[PDB]
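Read the structure below first, then the notes.
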Amino acid sequence: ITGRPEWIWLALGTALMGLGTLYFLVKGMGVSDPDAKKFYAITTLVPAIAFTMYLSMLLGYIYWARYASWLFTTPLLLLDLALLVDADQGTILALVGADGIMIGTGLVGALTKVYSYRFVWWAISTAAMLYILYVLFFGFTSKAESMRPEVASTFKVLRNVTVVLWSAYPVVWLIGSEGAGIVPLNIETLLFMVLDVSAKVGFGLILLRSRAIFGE
């Protein structure tokens, strides 16, 4: 059982998600700044949720748990970016709403037992993702550029990372078993695991290493 690729990617994801959470926790201790504290709480919670979900997949070894974790973590990563650029509640609510639709229709697309329609839900989900990325790349950038150099600089990096990593999911889904079934399950599980760690631990490392989180 431990020799199967699928199990190995799940075990690795659990380990990396666990180590990241602990590292962020260590880094977070001995930080008094009120604003910085908020970023550490959100950013530490993200990989902690994923750790639990990846652990749950191992214990049950199914992937219905990945969507549940995407459902919880995607909104939190958006809040992180929203806090960084001091976005207004209205735009935040719109982002989370679009995000809920994105995750929700994605799951519906994977549950449908009638082909052709798989792509209909994928198109709706991808459209929702595109609205979010549009808001992040064109809307948040303007607000960030009118702010402190450190904030503007870290946001652009997090922005570029988010747009590229998130855009990869629809692609992997389409070539994977939920879509056209071109790439085997173990390769897809690997692609998602790599994307998940990069989008959470990777993203969190860049954010938490920056002075942009401090109130100043």
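Along the sequence shown, residues carry numbers from 1.
Within the 3.5 Å criterion, the main-chain N or O of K143 finds a donor-acceptor partner in the side chain of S146. For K156 (side chain) and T141 (main-chain N/O), no donor-acceptor pair under 3.5 Å exists by modelled atom type. Distance alone, capped at 3.5 Å, is enough to place a donor-acceptor pair between the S56 side chain and the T52 backbone. Not a single donor-acceptor pair under 3.5 Å links the side chain of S153 to the backbone N or O of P149.
The minimum heavy-atom distance linking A144 with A152 is given by the pair O-CB, 3.3 Å. The two residues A98 and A128 make their nearest non-hydrogen contact at O-CB, 3.5 Å. Looking at every heavy atom in both residues, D33 comes nearest to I213 through OD2-O, 4.1 Å. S69 and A50 make their closest contact through OG-CA, 3.6 Å (heavy atoms, listed as atom of the first residue, atom of the second, distance).
In this structure, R118 forms no cation-pi arrangement with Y115, as its terminal cationic atom is not both closer than 6.0 Å to the ring centre and no more than 45° off the ring axis.
Taking 4.5 Å as the limit, some side-chain heavy atom of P170 sits within range of a side-chain heavy atom of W122. Counting only heavy atoms from C-beta outward, the side chains of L10 and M193 never approach each other to under 4.5 Å. Counting heavy atoms from C-beta on, the side chains of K37 and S32 never come closer than 4.5 Å. In this structure the side chain of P5 never reaches within 4.5 angstrom of the side chain of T189, judged on heavy atoms. Taking 4.5 Å as the limit, some side-chain heavy atom of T162 sits within range of a side-chain heavy atom of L81. Side chains of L55 and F51 form a contact here, defined as non-hydrogen atoms less than 4.5 Å apart. Side-chain contact between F203 and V46: absent, with no pair of heavy atoms (C-beta onward) separated by less than 4.5 Å. For the pair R211 and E216, the minimum side-chain heavy-atom distance is below 4.5 Å.
Judged by distance alone, the side chains of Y169 and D196 do bring a donor and an acceptor atom under 3.5 Å apart. No hydrogens or angles considered: a donor-acceptor pair under 3.5 Å links the side chains of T73 and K200. For the residue pair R4/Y61, the side-chain donor-acceptor check at 3.5 Å is satisfied.
In the hydrophobic clustering of this structure, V108 groups with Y117; members are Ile, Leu, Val, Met, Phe, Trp, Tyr whose side-chain heavy atoms approach within less than 4.5 Å, directly or through other members. Linking ILVMFWY side-chain heavy atoms closer than 4.5 Å, directly or via other members, places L195 and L19 in two distinct hydrophobic clusters. No continuous path of hydrophobic side-chain contacts links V197 to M53 [ILVMFWY only; heavy atoms under 4.5 Å]. Follow the hydrophobic side-chain contacts under 4.5 Å out from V157 and you never reach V164; the two are in separate clusters. Residues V171 and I132 do not share a hydrophobic cluster, clusters being chains of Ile/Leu/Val/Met/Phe/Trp/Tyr side chains in contact below 4.5 Å.
Evaluated for a ring pair (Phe, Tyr, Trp, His ring centres under 6.0 Å) with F192, the options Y67, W70, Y54 yield exactly one hit, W70. The side-chain contact (heavy atoms from CB on, under 4.5 Å) test with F119 singles out one residue from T126, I124, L174, and that residue is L174. The residue from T105, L111, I103 that alone fulfils the side-chain contact (heavy atoms from CB on, under 4.5 Å) condition with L107 is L111. Applying side-chain contact (heavy atoms from CB on, under 4.5 Å) to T43 and the options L207, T21, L77 leaves one that passes, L207.
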Next item on the list: Show your working on side chain to side chain contact (heavy atoms under 4.5 Å, CB included) between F72 and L45 and close with a plain yes or no.
Entry: CA-CA 10 Å; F72 287 124; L45 210 213; over 6 Å; no
Checklist line | Residues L136, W166; criterion side chain to side chain contact (heavy atoms under 4.5 Å, CB included); working and verdict | finding: CA-CA 12 Å; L136 294 182; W166 285 41; 5.9 Å; no
Checklist line | Derivation of the side chain to side chain contact (heavy atoms under 4.5 Å, CB included) call for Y63 and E6 | finding: CA-CA 11 Å; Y63 291 116; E6 190 175 22; 2.8 Å; yes
Check: Hey, mind stepping through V172 and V183 against side chain to side chain contact (heavy atoms under 4.5 Å, CB included) and telling me if it holds?
Finding: CA-CA 9 Å; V172 172; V183 159; over 6 Å; no
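In this structure, the separation between CD1 on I206 and OG1 on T154 is 9.0 Å, given to the nearest 0.5 Å. To the nearest 0.5 Å, atom CD1 of residue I101 and atom OH of residue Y131 are 10.0 Å apart. To the nearest 0.5 Å, the span separating CZ on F39 from OG on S210 amounts to 9.0 Å. If you take CZ on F140 and CG on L84, they are separated by 9.5 Å, rounding to the nearest 0.5 Å. Between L95 atom CG and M102 atom CE the span is 10.5 Å, to the nearest 0.5 Å. With rounding to the nearest 0.5 angstrom, the OG1 atom of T44 is 6.0 Å from the CG atom of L25.
With a 6.0 Å radius and a threshold of 12 heavy atoms from other residues, nucleotides or ligands, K38 has its NZ atom at or below the threshold.
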